[PDB]
Structure formats: C-alpha cells, structure tokens
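Reading through the structure tokens given below for one structure.
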Amino acid sequence: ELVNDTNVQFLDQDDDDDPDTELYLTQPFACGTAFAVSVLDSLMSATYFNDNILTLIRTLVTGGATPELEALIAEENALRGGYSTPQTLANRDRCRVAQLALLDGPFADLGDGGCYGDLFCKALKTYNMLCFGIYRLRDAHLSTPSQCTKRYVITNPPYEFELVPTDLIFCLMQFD
Amino acid sequence: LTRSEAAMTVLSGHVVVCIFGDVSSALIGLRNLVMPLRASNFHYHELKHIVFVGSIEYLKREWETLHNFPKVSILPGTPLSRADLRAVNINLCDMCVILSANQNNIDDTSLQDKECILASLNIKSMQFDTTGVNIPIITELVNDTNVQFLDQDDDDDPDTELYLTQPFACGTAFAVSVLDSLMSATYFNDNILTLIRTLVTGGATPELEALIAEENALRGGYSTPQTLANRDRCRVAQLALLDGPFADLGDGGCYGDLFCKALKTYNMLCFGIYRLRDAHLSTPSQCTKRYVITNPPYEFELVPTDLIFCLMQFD
Amino acid sequence: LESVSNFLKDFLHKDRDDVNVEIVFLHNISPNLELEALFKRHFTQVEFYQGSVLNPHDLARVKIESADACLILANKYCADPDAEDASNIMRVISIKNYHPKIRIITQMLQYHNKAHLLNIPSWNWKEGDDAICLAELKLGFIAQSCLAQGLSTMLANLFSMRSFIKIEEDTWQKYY
Amino acid sequence: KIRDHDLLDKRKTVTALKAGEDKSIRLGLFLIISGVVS
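Chains as they are written, first to last, in the deposited numbering: chain U, 881 to 1056; chain F, 705 to 833, 871 to 1056; chain G, 353 to 528; chain X, 24 to 61.
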C-alpha cells in the first residue's frame, strides 16, 4: 500500500516516471502490485448515481457479509461460533474468485490462438465459471523472448480477442 | 465482576452509572453521587444497588473514597458495548446516569460531548424480549447548546435557553451552567443555600463534615438511642394516582383536595406534579415522556396517569 | 485542494449525461490558494459557502430541505481515526434532525464505528443511505488479490468514469 | 513520454445569464444615478 500516491514511481526500475500521470496509467498499479487508498475517492460518485453498486462490491469483496450477520457483530464484537444444521450447510453455495491457466487439458486445445468468445461460451455452458477478464504477460506481444514475469489486467475482452498459452483468466467458479 | 457473573446475578430497581473515564483523566468525586443514596432515611432492604460501568484504571482512583458503602459493584467495560449493558440488566433499572470525566482535554467548543451523546442513542435503540426508548436516562452536558441532539421530535433553535428545551423540561439533561444562577440567590438570601444543602446532600450537617475534613473517610459508628433518633428526616419520593388511597380523587378532582388530604392524613407535603406530555390531547399516543409542574394553583385538574412529588415521613 | 480533486474530476465527467446538479459546498474555514482557482475552473457548478453544518440556521440558508443528497467527506490522513469518524456521526445527526428524509452518503475510517448509524432512528439503508468504510474496502480489495493478483486494479477501474482511448502503438498499454 | 496528455472536451453556457444579468442591471443603475446627478 501507499499513503501518498505520487511515491508509486519508486516501486519499479524499468517504468517511465512522470509526476503528472494518474495512478491508473502507471505500470505497478496496472500490474496490481500497488494500491493507494485514494482510488476509492471515485466510489462516492458511483454510489450517488446508483445505490445498488456498493451492495455488489460488498458481497463480492467482504466474503458475502449479510446485514443479518453484521447485526451479531454489532452486538457482541466477536464472531460467535455456531452449531451446524442443514440450513446452515446449504448457505455455502456461493461463487468464489479464482484465476485459471490455459495449460490444463480442458482449455489447452483453445489456447494457441483461439478467440476469447469461444472460451467464454465453453466454460460457462460446461462448468458455470463466468470468465470475465484476462491477465496478460507484459511482453507477450513482442516477438523477442524476455524474462519479465510481470503482467497486466484486461477487463471484458471483446469476443473476437486473441489469446496465447501464457495468459491467465479471471473467473467466478462455483462451489461443490 | 465479569459479564458472566453479572448475568448470573439478578438486578432490578438498581442504578447504572456509565463513566467515560481514562488513566489520565481528572477525578469527578463519585463519593458525592453515592452519598445521598445511602441516607439513613432508607431501610436496609430499600437501598438501590449501584453498578458502575467503565475502565477499571479510572475506578481504582475513585474507589478508595467510597469502599465503606453497603451495596456497590463495578463491571469493567465500556458504555458503548451493548453486551455490557445487557449483562447489568439495564431494562429493569430505575436510573441510568451518563458522565464524562473528559471536558477539557479537547477544546473544540462543538465536538465536546460526542462520546456522551452516542451512549444515550445506544440505550434508546436497544430492544428486549419491547424497545429501549422507555428506559430512564439523565445525561450531563459540558456545553449546553448540544442539548438539541438528545431527542428527534423536539424543535431545534440555538437561541433558546435550556429551561425551554424539551429534554431539560423533561429532566433527562442537566448541564452545570444552570448553577450559575445560584450566585444571585445566595447573595440576596443567605438562608436559601443551606436549604438546598439539607434537601440534596442527604442532610450533611456542619458537625459531620468536620469529621470528613479531618480523616477524609466516613468513620463507622457504634449505635446508640441518640444516634437512632437522628434518622427521622423526610425523603423525596414520587407517587402514582392508581393506589387506593388517592385513586378516588384521580379522575378529575382538583389538586387542592389532594394536598389537604395527604398532608392531614400522612404528613406527605405534596408539592409538584409530573405530567404525561400528551395527556392534554384527546388522540392516544405512545410518548411515555413527562414534564414537571411546580406548585399547581389549588383548583388545578389532575388525571389518573399523573405522578406527584412529595416529602414522605420516615417510620 | 486534494480532497475535492478526485471527486470533482469524476462527478463532472464528460462521459455521463447532462446531470447538472452539482451546485454547492459547505464548511466553516474559508478556501485557500488554488482551491479558489479549482472552483473558478468550474465557475458554473460549485457555488461554495462559508458556514458550519452544526447550525440549523446555516442548513436553512443552504436550502438543504430541497437537496437530493448530502455527501460527507472525512480525512483518511487523520492523527486519530477513532476520533474523526465518531465526530462525523454527529454530522449525520445534525442533518437528520433538521430533515429526516434526505439521503446521506458518508465515509468511515474504522469498521466498528459503522454500527452507530443504525441507532439514528431515521437512518434507513433500504432508502439509499450508506457508509463507505475505508478500512473495510481497503483491506477487502487486498485480501481478494491473495486469491488472484490484479483483482484490486480490476475492481478499482470499474467505478471511475473513463473514456475509451485509441493507441496506434502495439505497447502493452494499448490493450489495457 | 507524456502519453496523449488529455482530451479537448467542454460544454457550458453560463447557465443562461449571470455575469450579463449583473452587468446590465449595474449599468442601468449607473445610468439612472448619473442621469439624476447630471
């Protein structure tokens, strides 16, 4: 984390430093290795223009903390241990975030230059995964081989988008 | 005592005192609050149990001034933690007193009461196997303009004096600034402060405060007929017009008949009436809030939901 | 001059509709050096006022009975976080006393203090009132990234309003 | 180095009248007063 976001310059030796750039353009933030709190100032506007959006972020990020559960936490502070029941045991069927590699047999057949739209349809129809972003290797566009294991985040690639066997995909896997 | 030990104990009609204390904070002299509740006027089974809620490191300094008293207990904890005030059975208490030892370490003239105000809203927003909005509260204030935030259904206006504001007229707030008027009264009549002293402190005589000046602590005596005859003083109490002695007069009779009856029969000296805020309205309402009428003028009409202040005899 | 900056850049963004509602600001101490320049840069949609949010007199002149919402901002760089967010509760009390039906959007520095908003009898989150807890989201995004890297920078890009941009180059940032 | 810098986007109308309303009223008052004074 960073307290003052202009110090992001010093986290890497092979970027382009310029104090006038916004965090979202800078390499170590685009790679997901830095996170200043100031990027949450934008969340005010979104919460004004749509009330619903903050409730989604809440359920996606906190691990599904329901208004019912935070009432117990408000009253006792600590997390009170329960005794298991069928209704309790049925509660844990939620989805989880994970990332997956195009080197496993289920998808390696499509990972040598196939388009993202086929992978989305296949994964959703077969496993209910909902693939939603791709985490690319920084130098994979270059023909020259390189040792940078650094990556960057692509959100929602537009169907006819081409993928290579070194890419990782974000998805919302089911519980079982 | 711990929450478990307090939950095993049964408390009702007790007084809960919430203290926002700290290791550095000044002494507020809790001996002064306990002392009137220990007047020899009360029978031993009639004494209200007192429980303090606060940080133990504060109570350690006060407590060596008051360990001589009959029923006292401490729950180490924080007034804002609902589990602590659930453990001292707050829904059955007679009074919840909220105090801040802090009133000088922060000099913002605005944020001054913030911790103290939140404690009142927590208790009002509790719920039980009913809601907590009926529980008796009397909180103090450092800066009297913050009185606005104690209730949601008043009219807020910073130019009004405390004596007009609803939570002060109801007797749920008490800032120290109302005692600045006592200077004038003490100048124009010397006698008046001695009456307040005897009425409020529990009869502390110049003879007794000489022993306290010399030894600090309250020295235990051995009983004698002269000692035992000393405890015939009057006590404050309030009474309800639903008991058989006065219910016959509580459906619309005039206060002057009640005064004469009570004084002649029991020597009570009824002196004020504590009315239900909405009792003048024909429309029924859930406001259990009340306000104080001093010295109603004889031909004044009373209703069966009113409570009366009086100075009952000992026996 | 920094606290409003990340807000105004996104609230007055060009890629939203002609939602021309931004017309007010209110805090006791007078503006300073380039904060007045930033207000003059948006001369038509700022309209700052001196005045304290604890006076029902000041609230009455700001016409807060007519306002659609009240956005409350708090300094995450505070010397004592548990003092500021407690202070900030009574800002909510003052507003709800003057008018009960107004939307409150607010930010909280600690997590535990979020319970206090439920005590205020006219706070109802089902009508839109909500508290953005900075520690809850800040540690939440980081925690989520321990399952899949880059998920922090993924989510932080979904809330800020942002134009599509063309890059002719094949550099990594063209796809980003 | 410095990317595409920024974007040229702005859409304003002084609301309808503000500085023009103030100036035209002021000018009218100045002409009223200087008429009476003259």
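Even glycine gets a Cβ: it sits at the ideal position worked out from N, Cα and C.
Run of the alpha helix (DSSP H) containing residue i, from where it starts to where it stops
i                      : result
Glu761 (chain F)       : 760-767
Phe890 (chain U)       : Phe890 (chain U) -> no alpha helix (DSSP H), and no H or E assigned at all.
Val59 (chain X)        : 42-60
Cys820 (chain F)       : 818-828
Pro408 (chain G)       : 408-413
residue 1137 (chain U) : The first residue shown for chain U is 881 and the last is 1056, placing residue 1137 (chain U) beyond what the model contains.
Buried or exposed by the 16-neighbour rule on C-beta atoms within 10 Å, applied to residue i
i                 : result
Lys466 (chain G)  : buried
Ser418 (chain G)  : exposed
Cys820 (chain F)  : buried
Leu822 (chain F)  : buried
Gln979 (chain F)  : exposed
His749 (chain F)  : exposed
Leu54 (chain X)   : exposed
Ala1003 (chain U) : buried
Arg972 (chain F)  : exposed
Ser708 (chain F)  : exposed
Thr36 (chain X)   : exposed
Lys33 (chain X)   : exposed
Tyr996 (chain U)  : buried
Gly781 (chain F)  : buried
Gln831 (chain F)  : exposed
CB contact flag (residue i, residue j, <9 Å)
i                     : j                 : result
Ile472 (chain G)      : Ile454 (chain G)  : no
residue 839 (chain F) : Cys975 (chain F)  : Not modelled: residue 839 (chain F), which lies between 833 and 871, the two residues flanking a gap in chain F.
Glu399 (chain G)      : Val376 (chain G)  : yes
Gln893 (chain F)      : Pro408 (chain G)  : no
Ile1014 (chain F)     : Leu959 (chain F)  : no
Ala487 (chain G)      : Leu461 (chain G)  : yes
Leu803 (chain F)      : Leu770 (chain F)  : no
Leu507 (chain G)      : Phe493 (chain G)  : yes
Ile879 (chain F)      : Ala914 (chain F)  : yes
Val755 (chain F)      : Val720 (chain F)  : yes
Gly758 (chain F)      : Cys800 (chain F)  : no
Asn358 (chain G)      : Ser918 (chain U)  : yes
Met513 (chain G)      : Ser922 (chain U)  : yes
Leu784 (chain F)      : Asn826 (chain F)  : yes
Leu969 (chain F)      : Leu1043 (chain F) : no
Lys366 (chain G)      : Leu30 (chain X)   : yes
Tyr1039 (chain F)     : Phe1000 (chain F) : yes
Beta-carbon neighbours of residue i, restricted to chain G and to distances below 9 Å
i                : result
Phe890 (chain F) : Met442, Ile445, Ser446, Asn449
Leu30 (chain X)  : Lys366, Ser515, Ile517
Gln831 (chain F) : Per Cβ cutoff of 9 Å: no residues; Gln831 (chain F) is ~12 Å from chain G at best.
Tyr996 (chain U) : None at all; the shortest Cβ gap to chain G is about 12 Å.
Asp984 (chain U) : Under the 9 Å cutoff, chain G gives no residues; its nearest Cβ is about 16 Å from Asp984 (chain U).
Closer than 8 Å at the beta carbon, the chain G residues around residue i
i                : result
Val37 (chain X)  : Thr396
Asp931 (chain U) : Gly480, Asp482
Amino acids of chain F, ordered along the chain, whose beta-carbon sits closer than 8 Å to that of residue i
i                : result
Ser439 (chain G) : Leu815, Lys818
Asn957 (chain U) : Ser785, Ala787
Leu406 (chain G) : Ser814
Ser474 (chain G) : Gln893
Contacts that residue i makes with chain X (C-beta to C-beta distance below 9 Å)
i                      : result
residue 1057 (chain U) : Absent from the structure is residue 1057 (chain U), since the part of chain U shown begins at 881 and ends at 1056.
Element boundaries [beta strand (DSSP E), containing residue i]
i                     : result
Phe1050 (chain U)     : 1048-1053
residue 694 (chain F) : This structure cannot settle anything about residue 694 (chain F), because the visible part of chain F is limited to 705 through 1056.
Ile424 (chain G)      : 421-424
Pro947 (chain F)      : Not the beta strand (DSSP E): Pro947 (chain F) falls in the alpha helix (DSSP H), residues 947-956.
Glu374 (chain G)      : Segment: none, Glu374 (chain G) is in no beta strand (DSSP E) and carries neither H nor E.
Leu390 (chain G)      : Premise fails: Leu390 (chain G) lies in the alpha helix (DSSP H), 385-392, not in any beta strand (DSSP E).
Contact set between residue i and chain F, taken where Cβ atoms lie within less than 9 Å
i                : result
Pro433 (chain G) : Neighbours of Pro433 (chain G) on chain F: none; closest Cβ ~14 Å, over 9 Å.
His468 (chain G) : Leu784, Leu822, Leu825, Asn826
8 Å Cβ cut-off: residues of chain B touching residue i
i                : result
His409 (chain G) : As a matter of chain content, chain B is missing from the structure shown, whose protein chains are U, F, G and X.
Interface partners of residue i on chain X, CB under 8 Å
i                     : result
residue 872 (chain U) : What the structure shows of chain U is the stretch from 881 to 1056, and residue 872 (chain U) is not part of that stretch, so it cannot be assessed.
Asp896 (chain U)      : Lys24
Residue i CB to nearest heavy atom of the ligand ATP below 8 Å
i                 : result
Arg1031 (chain U) : The ligand ATP is not part of the structure shown, which contains no ligands of any sort.
Amino acids of chain U, ordered along the chain, whose beta-carbon sits closer than 8 Å to that of residue i
i                : result
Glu488 (chain G) : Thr942
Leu423 (chain G) : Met924, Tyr928
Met460 (chain G) : Neighbours of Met460 (chain G) on chain U: none; closest Cβ ~12 Å, over 8 Å.
Residue i: contacting residues in chain G (beta-carbon distance under 7 Å)
i                 : result
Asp921 (chain U)  : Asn358, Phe359
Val1044 (chain U) : Correct list: empty, because the minimum Cβ distance to chain G is about 12 Å.
Amino acids of chain U, ordered along the chain, whose beta-carbon sits closer than 7 Å to that of residue i
i                : result
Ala508 (chain G) : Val919
> Quick one: complete beta strand (DSSP E) runs, 3+ long, within the segment 960-1027 of chain U?
Replying inline: Listed in chain order, the complete beta strand (DSSP E) runs (minimum 3 residues) inside the segment 960-1027 of chain U are 976-981, 1011-1017.
>> I'd like the ranges of any beta strand (DSSP E) spanning at least 3 consecutive residues and lying wholly in the segment 897-933 of chain F.
In response: DSSP runs (the beta strand (DSSP E)) wholly in the segment 897-933 of chain F: 914-916.
> In chain order, which alpha helix (DSSP H) runs of at least 4 residues are fully inside the segment 437-505 of chain G?
Replying inline: Counting whole runs of 4 or more residues, the segment 437-505 of chain G contains the alpha helix (DSSP H) stretches 486-497.
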